[PDB]
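So this one's two forms of a single chain, laid out as structure tokens and tagged structure 1 and structure 2.
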Structure 1
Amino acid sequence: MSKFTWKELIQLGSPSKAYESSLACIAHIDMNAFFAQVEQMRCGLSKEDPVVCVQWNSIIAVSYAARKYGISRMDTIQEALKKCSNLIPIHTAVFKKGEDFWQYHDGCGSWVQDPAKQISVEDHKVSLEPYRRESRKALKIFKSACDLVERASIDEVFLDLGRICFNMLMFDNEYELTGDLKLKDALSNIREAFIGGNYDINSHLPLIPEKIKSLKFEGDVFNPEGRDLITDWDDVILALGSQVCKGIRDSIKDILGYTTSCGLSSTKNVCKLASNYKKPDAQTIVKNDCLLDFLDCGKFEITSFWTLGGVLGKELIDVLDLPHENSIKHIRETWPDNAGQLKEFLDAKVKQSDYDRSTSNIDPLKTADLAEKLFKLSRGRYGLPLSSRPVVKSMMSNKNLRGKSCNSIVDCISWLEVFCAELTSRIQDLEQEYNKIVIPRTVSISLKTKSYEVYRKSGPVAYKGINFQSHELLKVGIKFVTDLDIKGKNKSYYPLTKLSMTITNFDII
């Protein structure tokens, strides 16, 4: 008999509950050196070209070819050039003050000797739109290939591979395990059993068939301990996932040119670590059996977990007297029976004045949740559902001003054109994300004076029509900046040190 029940297997077929099954097959896919690849691709360059994406004098993304020279985000452009003279730095696109479009100034930048070809920080604003556009393309590819996709960030997704896995397992007559061997023949038992319907759902699954063990994982399977690859149905699901996953990743590579790193496990949190384990263009598979091996390999700490890499993670180091090293094993070793034992410990720790509820990130009421979470996380069995992102509350386009650039109403107005164009662009990236029409009803203009005093005017934006139009947003912005200018006469004001436009009260009609 198998460790797993029919109920846990069948649940993969359900988007709502697939993640809760210990048989969950989840993937985390992260674009390698994302802005550098998008610039590489746009400029017709190879994967092995040492390109660097730059903002002013900083490096914001470093291609894996560039990293062979010890270049990193830490280096300034000039520094990175001393490591590799053949470096290809590419500035992000920029808005020019007073223009409503961004553009690329190729062969320009602070590293370029010629004074003619610079991108002055004083007169320009970075646009990340090209990276947003590319991310959106990636997203349409992922969404086409998988019925539940979470957009974790601009270059990251989670995929719930449940349906695909389950359906491939049960109904896929195409697939070849080997020459003269197919899935339908290798899995005839469980497939006949499933259609048969004669199982009780809490009945355990039949033992995997010897013939299934020839099923190949795609990518790098992390078992330091040389465990057997396929011992149970979870390993069958994960292996099927890995194949499905490579194909999706090859899609991204073939349509858009981007390499990715990918983590495959039964859990999001573990997927996130695993995608990051090998870069670039690698798939890391972590089987449930190798979970402990993986978490204990020495690269990870309590602090590695998502939402525990912040101050809350620190408090947990202090509040559980955690070792600086091997803290994952530690937490599992200290409370090996159940969430309860650690919950109680937290409660006991809380009361003695080792801390005050003024600077604390730990909620006493919901202390169980924390204990379940850590207990689960430490064994790599804490499964969160994939979710969509919260609707957008506000969008701001800002410029921190240096110099005397903003010395007048017309200067402001020139910066406003840029903010307004950028915001208009971003409304659209959202209209396409939501496939619904999105209009902001309120605008706010803010500025900091020469002496850093804040001025702000906030109000409704009138549309002479049903459709949002950029020029209407600008018009209200102009009025507000004009009113604020009047407000500041004979007071510290110009030259300004900051100016921004924030939209809010989005109607998602």
Structure 2
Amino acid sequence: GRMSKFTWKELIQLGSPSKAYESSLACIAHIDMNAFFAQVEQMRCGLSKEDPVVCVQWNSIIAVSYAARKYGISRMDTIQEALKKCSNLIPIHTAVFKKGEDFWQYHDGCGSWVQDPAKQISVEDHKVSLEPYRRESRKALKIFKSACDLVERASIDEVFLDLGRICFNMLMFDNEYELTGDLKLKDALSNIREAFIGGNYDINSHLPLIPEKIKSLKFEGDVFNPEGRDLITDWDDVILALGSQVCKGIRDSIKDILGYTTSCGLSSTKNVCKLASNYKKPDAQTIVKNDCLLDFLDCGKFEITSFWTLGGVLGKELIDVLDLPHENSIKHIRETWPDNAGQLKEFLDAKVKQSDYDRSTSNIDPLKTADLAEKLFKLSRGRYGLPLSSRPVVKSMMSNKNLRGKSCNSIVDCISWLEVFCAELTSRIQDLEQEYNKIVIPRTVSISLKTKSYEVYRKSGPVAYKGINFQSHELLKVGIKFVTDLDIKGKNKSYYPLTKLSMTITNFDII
């Protein structure tokens, strides 16, 4: 007591873009668009957020609006099943490419669920286009980057934000913000601000106890506080409070510009944010204070298999290995080794040197069992902070069509599909340049397919650009040759009807 637990070094780190995630006062955020595809189709057709709309692909549902979820409809239910749950369901099929044409289109009012035999989208000669979701995604991304100086795109509809710089500056220099009436952050946070500019402190000194007045700062969103704890006790709570405020603005910016609802999760770690953002949906914001991490991790909805990269076999193994139960496993891993990663480390090292398994059907890499320990240790305590890295440069881009029926039955048929794959790849190449803001062009194409008997043929080679680097024509030119050379390689062999056909581009010159 009589002094804040944290130090200046830790608070200042929020200003550094490369060392802000390690800080204890770190304020990360994860934002996941609710029923994305379902939402975008809703917005496109000018429907309301409460409409039972659903994104359809062929016969399956790939996106379920929360409005339609009240009818018990779930992802991947066949349209037929859904309609038996909500006869007033509003199914919308994704845009599609028609064999031969170089552009995708929306066939609203058409679908397998439609009686009229004319209005149909035969999967036989159609390719799903995900471009619409791409664009919208790209938009939300530009708004995110304009509000935060560090955004990690985890997926097509997910992003992580490092509110470090914002919270810090807001904490030390914002003079507009109001907490209540006749009270501003500047006057409520005088000591700390006046001690900061003074700079008569040592980076390793401890921060002054938060001012009794700052406790009137309110959190924006749901603060996961089951054990009914004090919302504001130290700076991490202040930083988190401001963070939640700032965060609300950004999200609203999205609902206002694009009209997409979202769920968000704040905490001092990417992993906890990931869980928090999923805790409540739709259009919510779960806030996990550091002093509520365990209460949260032990609420009863998570498991070791509920964390990141552990929801698969690697997860089901760690259970049968560490001899973990099937309930309150996170609280377990924590209590069986409440000293340090070393405890659990030597436990694995000892559990791997016996007649329990072989180094073949296992997912653990013994020479790295030291990390696995430190990881699980931290994860079980909600302190495994990963840096908000950036998505690595793209290596390749494929565009295929798992052929069904006698669609691709000849060479021209192959070509017709090639036209589609190029139109799409070309489209995706532009989207790439927009992200890297640098010219991107494939230096090599590749054609592969699967014969009637499922055999694999494939020709790879370099694509040459001469004139205006038309990465939307010469690409197809090479594709045709290749698909034609393969047509010759299998003349009196099992070949047509092809069962699969795909075009891929690699070796990119990010000049």
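What we label the rigid core is the largest C-alpha set whose atoms superpose within 1.5 Å from one form to the other. The first residue in the sequence of structure 1 is number 1, and each one after it adds one.
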{"query": "Displaced residue between the two structures, judged on C-alpha after the rigid core is fitted, out of 455, 468, 480, 34 (threshold 2 Å or more)", "finding": "468"}
{"query": "Core-aligned CA shift between the two structures for residue 429 (Å)", "finding": "1.0"}
{"query": "Residue 353: CA movement between the two structures [superposed on rigid core, Å]", "finding": "2.2"}
